[PDB]
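Below is one structure; the comments refer to it alone.
The analysis underlying the following values was restricted to heavy atoms, covering all of them including side chains, and did not include hydrogens, waters or symmetry mates. Residue numbers begin at 1 in each chain, while the letters A, B, ... track the order of the sequences.
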Amino acid sequence: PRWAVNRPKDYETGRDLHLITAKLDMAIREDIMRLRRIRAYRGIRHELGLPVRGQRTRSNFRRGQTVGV
Amino acid sequence: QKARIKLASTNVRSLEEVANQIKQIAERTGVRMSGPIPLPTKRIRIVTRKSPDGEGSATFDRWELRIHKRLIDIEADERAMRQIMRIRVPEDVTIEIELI
Amino acid sequence: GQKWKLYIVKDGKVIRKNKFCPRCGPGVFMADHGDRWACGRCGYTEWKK
Amino acid sequence: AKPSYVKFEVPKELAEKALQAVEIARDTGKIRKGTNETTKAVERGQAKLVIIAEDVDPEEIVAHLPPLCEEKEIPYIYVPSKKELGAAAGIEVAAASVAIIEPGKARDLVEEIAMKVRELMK
Amino acid sequence: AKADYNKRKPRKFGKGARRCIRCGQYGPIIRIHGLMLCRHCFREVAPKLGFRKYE
Amino acid sequence: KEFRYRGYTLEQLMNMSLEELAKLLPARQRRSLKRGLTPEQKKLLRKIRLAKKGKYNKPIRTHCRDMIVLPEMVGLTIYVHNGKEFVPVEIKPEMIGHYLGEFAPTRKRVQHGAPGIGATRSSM
RNA sequence: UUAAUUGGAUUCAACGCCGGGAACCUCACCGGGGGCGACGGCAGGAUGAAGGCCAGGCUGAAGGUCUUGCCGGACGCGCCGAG
Ligand SMILES: [Mg+2]
Ligand SMILES: [Mg+2]
Ligand SMILES: [Mg+2]
Ligand SMILES: [Zn+2]
């Protein structure tokens, strides 16, 4: 069924495709690159390495070292 | 040929007084009466925080309002129907009459 | 100031230069847009001449 | 209208009937001062008692009532002064045209003075 | 006109659609069984309405 | 290496009814279009069509952050309010189907300083 | 850190607490635009005060204001107290 493939309604051709291995990787990379070219909000979030789907960041998502006072 | 009577109140004594008046009216004539049936009580419970501010331990009030009910079935007879229509309830009792 | 002029009224004859709205009676006067009969209060897309 | 416009003479009786019979009329009637307000009324005949004082210059906005007198019945009289005409009916300003409709208990004098003005000059 | 710049919009939902009928506060309104009272106002008028603290 | 959106060139997208275009957009855009446009969006669209026709030689400024980018808006520059000022956005073909507000950030990037007194337990 | 990230509470007895799960409203914060002075008095005002509008500019959008002139008849924040 068409509702089972991992890339329905392709952005370029309009068809229902299923990608595996390298093709999948480069398709995802191209999607993120397109978001970055137009300077969209999600593209900026991808560049800065920050959460993209609207999470709060004051408490969690901490990956670093404690700073001294 | 039978009439159904519903009563409700927040005061249990007035309910019984009105029901007893009806029972005496029915006995005072030749007429059959389906006895006063007790229906389940309505409880309205509301829980609120006490303090106006948000400081201090949290404590609560549990307020409650109780509504009692009765049900009476009696056959419609003009001699007795007028008498039960002439009885006037205290201000805290609701009464409704219907024909079935 | 005073706004009552531009009406051709001679010594004995009163005739109004600006017509009144067909919705109302005589006396209420239109503007002088020239492209359409502005009418002030009704307004008409007629392309007056 | 204005004194520098010789229409006819200035009888005392007309002024007596015109200035002294609106105080008895104001208390039982409605008042419409102003030339522009009255002009539409008199064109539409809404005017009933058109009293015109001679105080308004130039001969621009006063030059409508006489040429319109023939268009309607327009029972009208002339007022000598403007100072107390508003005191007769209205507010304490200078008024030129105090047109009223259906005054109370002012019928015989008004009808007589209207007939006199009708037979005097039109 | 000029009074149009003083009127509020007629909201049908949200916190702005309900006020206490005794003090006019927005916020913690008790909606149970059609009451429209603050949690503050209800505490002091409950005995008059017939509620009691049985337990 | 032209532009295509679902197998269509730009021109084929230009000559489309708003309903036909709505079948290509994602679900959120389709529901927003089906439910109609708000009056503010109507005024903005009127200005855009005027500017395309060859009139309105003035910059376009708008408070509508929820307007969806449409193909007929390509090539214009719009100034979108970010809360305190209007920022220019140059509409490119790969922006079809996005809200305008996505291109006008409302917060400034954070560069942290030195933690102050009370930032740790020992500093209190 | 920021244009603003509105405020209260700091041992037990502050920190899923202010019934505080804020898209608008809530809202108190930030950028911008509009509106309001019972009652007394001063200017002024039917030779019309105050007030309202078809079209078009200004504008985020707005008879808000301006352009263009039409509508309404008695009070008056342009000034002083006061509310
Ligand atoms: Mg804080
Ligand atoms: Mg929420
Ligand atoms: Mg808010
Ligand atoms: Zn309350």
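Shown here for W47(C) and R36(C), the closest heavy-atom pair between the two residues is N-CG, 3.6 Å.
Here, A38(G) and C71(G) have their P atoms 30 Å apart, quoted to the whole Å. Distance check on atom P: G31(G) versus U5(G) gives 11 Å, rounded to whole Å. Nucleotides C27(G) and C53(G) are separated by 36 Å at their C1' atoms, to the nearest Å.
At a threshold of 4.0 angstrom between heavy atoms, the contacts of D55(D) include nucleobase atoms, whether or not backbone atoms are also involved. Base contact: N82(F) has a heavy atom under 4.0 Å from a base atom. Among the heavy atoms of the strands, none lies under 4.0 Å from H112(F). At a threshold of 4.0 angstrom between heavy atoms, the contacts of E85(F) with the nucleic acid are absent. Heavy atoms of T106(F) sit under 4.0 angstrom from at least one base atom. Base contact: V93(D) has a heavy atom under 4.0 Å from a base atom.
Scored by the side-chain hydrogen bond (donor to acceptor under 3.5 Å, both in side chains) test, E60(D) finds no partners at all (sequence neighbours excluded).
No Watson-Crick or G-U wobble pair links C39(G) with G19(G) when both atom distances must be under 3.5 Å.
Residue pairs meeting the side-chain hydrogen bond (donor to acceptor under 3.5 Å, both in side chains) criterion with at least one member in residues 23-41 of chain F, sequence neighbours excluded: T38(F)-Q41(F), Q41(F)-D66(F).
The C1'-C2'-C3'-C4' dihedral of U47(G) is negative. Its furanose therefore counts as south.
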